[PDB]
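**Student:** Protein chains in written order, with our numbering: chain W, 1 to 443; chain X, 1001 to 1443.
Once you've had a glance at the structure underneath, I'll fire off some questions.
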Ligand SMILES: CCCCCCCC/N=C1\OC[C@@H]2[C@@H](O)[C@H](O)[C@@H](O)[C@H](O)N12
Ligand SMILES: CCCCCCCC/N=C1\OC[C@@H]2[C@@H](O)[C@H](O)[C@@H](O)[C@H](O)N12
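The structure is reproduced here in structure tokens:
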């Protein structure tokens, strides 16, 4: 029996573009994901978020599933261009109405909302002006955030500024695999920097506009291990942790500068005078959200960008090919405590894609996903016994949904969605997780 | 023999980023090609324009080659961020000095400069604000052009606003193969439209500043032919001509709208009120420059984007794998006259990459390149006999140089450059072309 602390917050998570559909309904502006996915060759099978799970229309049924499973919290994101179709300026009242109904409904049902302000669907109007490459985005994001706070902050008390700024900057602007689909390392590092600047502006206006609220920010993380005991492999791991995991952003927030090995690799790409912005970047936050899915073996590789390469291991893998290493969620939780000692931490995403099917009995028996979640939840419990102030844990995702450049081919839900009919079928993992929440842990 | 008109201009062409090196010397700002080529994975072999042909230091020797060869015109481009390091605002004197010495030197030796204002090296500072995706670029570009007209317009009387706006827009923002490396079809067609607006705005400034000069614009073109007589193949060719050749830009300039078939395909991606800008885009131009390298067999293809695909043919190809179809140059010249009757036309590039070998005699026996140039010059001559107002022909390129995403691996020069020593070796095609110039044609 692994019982969690009293009041621990068990949650499920989604993001706007991945579930909503109806990107241009009710006068909403285009986002960069609408334009990126409508560009041939960017997304597997030419999939787009045009329909997705049709949560734009089916939101009430989806919330009723959260209630039925007795899940305590719901992390979801708001689509910036539904609110400000031009990025700034004119507020779209129908966009407020859509999210107001969701928020009111969650409260009515005793479900705690955690709002992600930005989960990647930048208004296309702002991309035309350079998007995350433009220092002015700190002002644009501050405006958008204030709008959300003044409208929703009387009811929503738990907020997240950015989902995975490393991904937004590096996958979006260096690899070009996510919107806006660019490949320029100087632009990517300026994005990393402007994301931090925008985050800090949002937190500053939050303190002015929301009463009794908490605000945080969410990082992707992997558990990197050395391919050997050679010192250069151990160093490769340190560089991968500093660059790919929370330190890239938490070293600035808590210490006022980038990590040492990131500066070693990337000082050239950062704005000259970037450090002038650090004092404002250190705006105090209430909690750190960590996402965690996978572990990676890494080695020094003299002929690789940043002199590091991944090494494939013979470990169990999900349908993404991602290695399942549950102790990594323990490691990242312990390590964030040791390195930055944030007052509170949440696992804001953990979960897995598997090739789910509906069996002849009409149920979706996804035992692989149960076993994945069970092992990670036990490891999170271990971190708590060792003093990590973990306040909550959110499964990615409530629903199978649009998995970015992989399209609909990768299913992460605890609820299956048949995209031909939009029927929801709660998976075994959903009923299993319902029991975890009921027992406040594993038995 | 095929003698050209009296006063026919024989030239050679280069571009700033492809030959200069020293991208950051003397207060220059970064360009998007510096940051793109310094991003791993974007350019063959990790090649950059950091040194290139070192023309930044060797320009006098290179001009002396043009002089020794008897070539009468030199088309070269100016690096925008050498002149305005932040894209707008403060002018960099040393950048002006660099091009001034080039211009004075050409004029002392009786070589006519043709200046390309924009040959793809956008200031990086402007890319951070959206670059060609941002409407405001018409202003930025008009101001930059003004600075060049004011500083050099006393001496330079032949000007080109943009080199191959189709490539800038489509290859740089839809295929992501050139800087700034993006893949977004909405951004790409915004870029097309803003390039037209910037060009027209520059010509308007030109009329104010350089009263006795001529200005034009340069387009890429291929000679498209249908894979069969099926009607869908014939319509595919008409589409490829309207989209990939001069009509995309000349229909706006001469007729006040995009080509029919381009609108059919792309109205979604163009700004909704794009036609409001057409009157200004009609600003009168003095000449059209046409680039031409290859012919392509095309078919209707239901599975392809735009529903068109290229079909490989059994034809001689260059080391690029580009089909050698010299009658294509005749066709594009006849057709631009038939369709838009520009007052003056110039072939602003024609040339070929071959696997050049320096033999024991210290020479480069590129009969392949001679055969290519000769056939195209003969076809251009035929166009002239039939009434096309072709005023000059420029070989791409004077020098082997940095071939964009191909890096140094592809050599187009009539002069070989050994990059280890920066030694210049005139190729047999260079001696041959010198004779063409001396004879004013083919003998
Ligand atoms: C390097 C190969 C391993 C990549 C594993 C890291 C990707 C795990 N991350 C995600 O896996 C799926 C999930 C996305 O659906 C969610 O929108 C994102 O916030 C988050 O990035 N998500
Ligand atoms: C599928 C298309 C195959 C044919 C592509 C033909 C490309 C021909 N164009 C060029 O070939 C080389 C030359 C560039 O060096 C020059 O800077 C550009 O202005 C110009 O675009 N250049």
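Using N, Cα and C, we set each Cβ at its ideal position, and we do this for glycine too.
Helix, strand or coil for residue 305 of chain W per DSSP?
**Tutor:** Helix at residue 305 of chain W.
**Student:** With DSSP collapsed to three states, give me the class of residue 1397 of chain X.
**Tutor:** It is coil, neither helix nor strand.
**Student:** Under the rule that 16 or more other beta-carbon atoms within 10 Å means buried, what is residue 304 of chain W, buried or exposed?
**Tutor:** That one is exposed.
**Student:** Measure the CB-CB distance between residue 1138 of chain X and residue 1238 of chain X and report whether it falls below 7 Å.
**Tutor:** Going by C-beta atoms, residue 1138 of chain X is not nearer than 7 Å to residue 1238 of chain X.
**Student:** Enumerate in chain order the residues of its own chain whose CB-to-CB distance from residue 1250 of chain X is below 8 Å, with the five nearest sequence positions on each side excluded.
**Tutor:** Closer than 8 Å at the Cβ level, and outside the excluded window around residue 1250 of chain X, lie 1219, 1288, 1336, 1339, 1340, 1342.
**Student:** Check for me: the beta strand (DSSP E) holding residue 416 of chain W runs from which residue to which?
**Tutor:** Residues 415–418.
**Student:** Could you check whether the Cβ of residue 1331 of chain X sits closer than 6 Å to any heavy atom belonging to ligand 1?
**Tutor:** The answer is no for residue 1331 of chain X.
**Student:** Which parts of the segment 42–86 of chain W are runs of the alpha helix (DSSP H), unbroken and 4 residues or longer, counting only runs that do not cross its ends?
**Tutor:** As far as the segment 42–86 of chain W is concerned, its whole alpha helix (DSSP H) runs of at least 4 residues are 55–69, 80–83.
**Student:** DSSP state of residue 336 of chain W, grouped into three classes?
**Tutor:** Here residue 336 of chain W sits in helix by DSSP.
**Student:** Under 7 Å, Cβ to Cβ, is there at least one residue of chain X near residue 239 of chain W?
**Tutor:** Not one chain X Cβ lies under 7 Å of residue 239 of chain W.
**Student:** Nearer than 6 Å: is that true of the beta carbon of residue 293 of chain W relative to any heavy atom of ligand 1?
**Tutor:** Result yes, Cβ under 6 Å from ligand 1.
**Student:** With three or more C-beta pairs closer than 8 Å as the rule, is the segment 1115–1134 of chain X touching the segment 1069–1083 of chain X?
**Tutor:** Yes, since at least three Cβ pairs between the segment 1069–1083 of chain X and the segment 1115–1134 of chain X fall closer than 8 Å, the two stretches touch.
**Student:** In this structure, does DSSP put residue 1011 of chain X in helix, strand or coil?
**Tutor:** Three-state DSSP puts residue 1011 of chain X in a strand.
**Student:** Taking Cβ positions only, does residue 1045 of chain X come closer than 7 Å to chain W?
**Tutor:** So no, residue 1045 of chain X is outside the interface.
**Student:** Let's test the definition: count the other Cβ atoms within 10 Å of the Cβ of residue 1039 of chain X and tell me whether it reaches 16, buried, or not, exposed.
**Tutor:** With 16 or more Cβ atoms within 10 Å of its Cβ, residue 1039 of chain X is classed as buried.
**Student:** Hey, how far is the Cα of residue 307 of chain W from the Cα of residue 158 of chain W?
**Tutor:** Approximately 39 Å, taken between the alpha carbons.
**Student:** Hey, is residue 1324 of chain X's beta-carbon within less than 7 Å of any beta-carbon in chain W?
**Tutor:** Output row for residue 1324 of chain X: interface = no.
**Student:** Report the residues of the segment 1292–1303 of chain X with a CB closer than 9 Å to any CB of chain W, ordered along the chain.
**Tutor:** For the segment 1292–1303 of chain X, which is checked against every Cβ of chain W, not one residue is closer than 9 Å.
**Student:** With a threshold of 6 Å, establish whether the CB of residue 368 of chain W neighbours any heavy atom of ligand 1.
**Tutor:** Not so, every heavy atom of ligand 1 lies at least 6 Å from the Cβ.
**Student:** Can you name the residues of chain X whose CB is closer than 8 Å to the CB of residue 174 of chain W?
**Tutor:** The answer, in chain order, is 1039.
**Student:** Checking 7 Å against the spacing of the C-beta atoms, do residue 1031 of chain X and residue 1048 of chain X come in under that value?
**Tutor:** No, these two residues do not count as a Cβ contact at 7 Å.
**Student:** Please check if any C-beta of chain X sits within less than 7 Å of the C-beta of residue 133 of chain W.
**Tutor:** It does; some Cβ of chain X falls within 7 Å.
**Student:** Would you report the Cα separation of residue 203 of chain W and residue 214 of chain W, rounded to the nearest angstrom?
**Tutor:** Spanning the two alpha carbons is a distance of roughly 9 Å.
**Student:** How would you write the range of the alpha helix (DSSP H) that residue 185 of chain W sits in, first residue to last?
**Tutor:** First-last of the alpha helix (DSSP H) with residue 185 of chain W: 185–209.
**Student:** Within the continuous alpha helix (DSSP H) that includes residue 1248 of chain X, where are the two ends?
**Tutor:** Taken as a continuous stretch (DSSP letters only), the alpha helix (DSSP H) holding residue 1248 of chain X covers 1247–1250.
**Student:** Can you list the residues of chain W that residue 1036 of chain X reaches, using a CB-CB cut of under 8 Å?
**Tutor:** Simply 183, 184.
**Student:** Report yes if the CB atom of residue 1444 of chain X is closer than 7 Å to the CB atom of residue 1173 of chain X, and no otherwise.
**Tutor:** An answer regarding residue 1444 of chain X cannot be provided, because it is not within the stretch 1001 to 1443 covered by chain X.
**Student:** CB residue 1153 of chain X to CB residue 182 of chain W, shorter than 7 Å?
**Tutor:** Contact: no.
**Student:** Check the C-beta distance from residue 490 of chain W over to residue 118 of chain W and give it rounded, since I have them as a contact under 8 Å.
**Tutor:** Summary: the structure shown does not reach residue 490 of chain W, with chain W confined to residues 1 through 443, and so no result is reported for it.
**Student:** Consult DSSP for residue 1214 of chain X and reduce its assignment to one of helix, strand or coil.
**Tutor:** Strand, per DSSP.
**Student:** Taking beta-carbon pairs under 7 Å, can you tell me which members of the segment 1250–1278 of chain X lie near chain W?
**Tutor:** Flagged: no residues at all.
**Student:** Determine the contact status of residue 1043 of chain X and residue 1407 of chain X, defining contact as a CB-CB distance below 7 Å.
**Tutor:** Going by C-beta atoms, residue 1043 of chain X is nearer than 7 Å to residue 1407 of chain X.
**Student:** Taking a Cβ distance cut-off of 8 Å, strictly less, list which residues of the segment 1111–1135 of chain X are near chain W, in chain order.
**Tutor:** If the cut-off is 8 Å between Cβ atoms, the segment 1111–1135 of chain X has 1124, 1127, 1128, 1129, 1130, 1131, 1133, 1134, 1135 near chain W.
**Student:** Going by C-alpha distance, which of W/253, W/316, W/299, W/116 is nearest residue 293 of chain W?
**Tutor:** For residue 293 of chain W, the nearest C-alpha among the options comes from W/316.
**Student:** What residue does the alpha helix (DSSP H) around residue 1145 of chain X start on, and which one ends it?
**Tutor:** Here the alpha helix (DSSP H) through residue 1145 of chain X covers 1137–1152.
**Student:** Quick check on the DSSP output: the alpha helix (DSSP H) that includes residue 296 of chain W runs from which residue to which?
**Tutor:** Looking at the DSSP string, residue 296 of chain W is not in any alpha helix (DSSP H); the run it does join, the beta strand (DSSP E), is 294–300.
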